[PDB]
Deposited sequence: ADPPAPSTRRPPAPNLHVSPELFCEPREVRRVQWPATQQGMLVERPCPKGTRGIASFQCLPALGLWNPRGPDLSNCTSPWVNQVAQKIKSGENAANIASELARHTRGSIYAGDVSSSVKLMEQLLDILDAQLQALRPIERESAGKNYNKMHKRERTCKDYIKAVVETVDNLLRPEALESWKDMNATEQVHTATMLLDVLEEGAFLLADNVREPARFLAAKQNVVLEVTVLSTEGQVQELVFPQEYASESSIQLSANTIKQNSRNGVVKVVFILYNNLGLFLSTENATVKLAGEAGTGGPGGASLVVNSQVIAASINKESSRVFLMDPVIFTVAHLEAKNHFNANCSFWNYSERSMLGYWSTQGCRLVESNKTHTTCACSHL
């Protein structure tokens, strides 16, 4: 009878894991300082531990429940969001990352409720929205700082995608809530180390100028909408536009099933390495409403610096196509076209939002 393979007992992520049969998933308590259940997959056939490490996505710090309790006691959403921003400044575990994003979603719904109750009210609504937005922009900045990225990697691939997608979704939704509570003309720009957000509400009457984002920022990415596009999308004489860019988020938006077109062989830079990667920041433009899927006669144009030029090729202009229901997605090239590309930069034109 040929041998069975087993993983060795190992301490990984400060959890002691038992000797385990190949193929088995094992559960153990989350590490000291957190609550929840951790798991670790012993790979089938190999009898080696999953090289990505244990799944700590269920492991949370005490502050997560504290914030959840503030929500129950009916505290103001903007104020709670501010506490969340503070908590994410420090050490955070994988479970804290996804909980933070879920908490921002919950807070957005609470905020929207408070806003409908104020349907001096107008300036109050605006102040409250801006307070919320500043808090979530800070929270996102905290979650994407380089020292927080290892915590994201303590979630499995699917949880990383789900969390990143929820993050993209909640920030955009929050931005459009702000757009509903400012008076034209308005421009609100918030620039941080790992995220920049702009909300602008403009009249389409008379002279309209193209929009270029960001401003006040030495950017690795920029995006623009033509004056005609703005005119063509007028609603009651106004347009509401949301722009966002993110640093490091692309790490988590998996290229599995990406619909890219390769003109050559894709390899890797190491054993078990990736052959297709997001090689730019993620940069977003939306008009009037989230997920409009509107066709643009004048395409949106964006230019990005490559994160690493060396040993990469075959730039493909893409957008994140995701389901609001499942919060999962994939990169699609549909309706996007490469305008120019060299070793260090690519310019793209996409015919839709």
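Colleague: Quick one: where does the model skip the deposited sequence?
Modeller: Absent from the structure are positions 1-17, 137-147.
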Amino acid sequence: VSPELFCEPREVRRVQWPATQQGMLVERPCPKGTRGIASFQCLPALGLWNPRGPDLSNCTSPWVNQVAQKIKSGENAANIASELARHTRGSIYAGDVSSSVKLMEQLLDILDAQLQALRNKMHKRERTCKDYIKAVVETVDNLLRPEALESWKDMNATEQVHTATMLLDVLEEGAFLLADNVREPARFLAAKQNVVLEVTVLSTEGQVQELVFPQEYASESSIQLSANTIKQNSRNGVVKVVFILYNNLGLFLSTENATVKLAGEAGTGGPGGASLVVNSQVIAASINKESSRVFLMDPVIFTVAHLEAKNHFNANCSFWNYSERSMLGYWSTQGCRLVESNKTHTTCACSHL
From here on, numbers count along this sequence of modelled residues.
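Colleague: Report the stretch with the higher mean CA temperature factor, choosing between 189-197 and 127-135 on the basis of the entry.
Modeller: Between 189-197 and 127-135, it is 127-135.
Colleague: Higher mean Cα B-factor in the deposited model: 204-212 or 151-159?
Modeller: Per the PDB entry, the higher value belongs to 204-212.
Colleague: Of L167, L245, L178, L111, which one's C-alpha B factor is largest in the deposited record?
Modeller: Spelled out: the listed residue with the top C-alpha B-factor is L111.
Colleague: From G270, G264, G250, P146, pick the one with the largest CA B-factor in the entry?
Modeller: Each of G270, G264, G250, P146 was compared by C-alpha B-factor; the highest is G264.
Colleague: What third of the chain does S286 rank in for C-alpha temperature factor, lowest, middle or highest?
Modeller: It belongs to the lowest third of the chain when residues are ordered by C-alpha B-factor.
Colleague: Using the temperature factors of the C-alpha atoms in this entry, rank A68 within its chain: lowest, middle or highest third.
Modeller: As the PDB entry reports it, the C-alpha B-factor of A68 lands in the highest third of its chain.
Colleague: Place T88 in the lowest, middle or highest third of its chain's C-alpha B-factors, as listed in the PDB entry.
Modeller: Its C-alpha B-factor, which the entry lists for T88, ranks in the middle third among residues of this chain.
Colleague: Rank-wise, by C-alpha B-factor, drop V26 into the lowest, middle or highest third of its chain.
Modeller: It falls in the bottom third of the chain.
Colleague: Where does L56 sit by CA temperature factor within its chain: lowest, middle or highest third?
Modeller: Within its chain, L56 is a middle-third residue by C-alpha B-factor, going by the deposited values.
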